[PDB]
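Following: one structure in structure tokens, then a few remarks.
Residue numbers (PDB author numbering), protein chains in the order written: chain 1, 113 to 168; chain 0, 24 to 217.
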């Protein structure tokens, strides 16, 4: 009963690991997407859209 | 580290299983030595008995009496030694039983050690996976994985600020006016291709 019981934990734990691994990229990607968006629309307003005193 | 002690303590027992081992052997030697000495004493007595078996015949009774008188001295040694050898036998068999039992109990104790050390690592090897798993996305708020959404929202929260979304009126209207451009453009279509 012990050997079968312990293997089940390994079976479950191994499953939970790769599942956790998959989500990491999906959230890192969305981190870059938002970050990669910040510095384009920020300057865009600085040029001609944000308000008066804009460089344009 | 207590887990090392179980290896060390069993090492100490091993010294005894070779110390008690030596003591038992020493007991057997003297038992054999005592056994040998008894045979010699009776042999001398036997020689007088064999030698006494040559005088009583033919009418020489006097000589035979003297020879047997000498043998009584050797017989006394045999009787004392004879009883001792039988007594010592119980000791050698008795002590061996302890060695038989003790040796059995040792390997039995040895077997269980690994079975419990293994289950020690299994639980220990489990602690540091499920502990961090909760730290990431399962334990509670403030978990490193959840905190990522906070930064996502913080930047996304600024998105609606720097570029305010269109008002519901324009949303209601821009879609509203598309229903006519499509139909009005199609109005010239359905009438032209008719």
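In this text, a Cβ means the ideal position worked out from N, Cα and C, and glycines have one as well.
For residue 186 (chain 0), the chain 1 residues whose C-beta falls within less than 9 Å of its own C-beta are 153, 156, 157, 161, listed in chain order.
Within the stretch 135-149 of chain 0, the residues whose Cβ lies closer than 8 Å to some Cβ of chain 1 are 142, 145, 149, listed in chain order.
Assignment of residue 191 (chain 0) by DSSP, reduced to helix, strand and coil, places it in the helix class. Residue environment for residue 49 (chain 0): exposed (fewer than 16 other C-beta atoms within 10 angstroms of its C-beta).
Within the stretch 63-132 of chain 0, no run of alpha helix (DSSP H) at least 4 residues long lies entirely inside it.
Note on residue 139 (chain 1): under 16 other CB atoms within 10 angstroms of its CB, so exposed under the neighbour-count rule.
In the displayed model, residue 158 (chain 1) falls within a helix according to three-state DSSP. With respect to the 8 Å criterion, residue 156 (chain 0) and residue 128 (chain 1) are classified as neighbours on the basis of their beta carbons. Just so you know, the alpha carbons of residue 69 (chain 0) and residue 62 (chain 0) end up roughly 10 Å apart. Here DSSP, grouped into helix, strand and coil, assigns residue 210 (chain 0) to helix.
The CB of residue 179 (chain 0) comes closer than 7 Å to the CB of 146 in chain 1, given here in chain order. At a C-beta separation below 9 Å, residue 171 (chain 0) has these neighbours in chain 1: 139, 140, 142, 143.
Taking 8 Å as the threshold, the shortest C-beta distance from residue 41 (chain 0) to chain 1 does not fall below it.
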